[PDB]
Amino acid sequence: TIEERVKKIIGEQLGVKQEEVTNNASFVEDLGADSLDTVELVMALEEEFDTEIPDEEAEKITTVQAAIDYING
């Protein structure tokens, strides 16, 4: 389903074990974020689930839960 794919993407894009990617892991704080891994990750999500995310909408994705919530819309 959708959370399997989102957590898979977040784990592959950021070099973290799938075990560490919890629903509320912050990309910057909890997981390893370079200056632009958040942008890379949003673009990765976008390419996998063929969706388009506006800039203001993309700025809102800072946690795993936020990503899972957006994919429902």
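Numbers follow the displayed sequence, beginning with 1. Throughout, rigid core stands for the largest set of C-alpha atoms superposing within 1.5 Å between the two forms.
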query	finding
Comparing 4-12 and 62-70 where Cα RMS over structures and residues is taken in 8 other deposited structures of this protein (core fit), larger one	4-12
Greater Cα displacement in 8 other deposited structures of this protein once the core is superposed, comparing 29-37 with 43-51	29-37
Comparing 25-33 with 38-46, the one whose average Cα B-factor in the PDB entry is higher	25-33
Stretch with the higher entry mean CA B-factor, where the candidates are 6-14 and 57-65	57-65
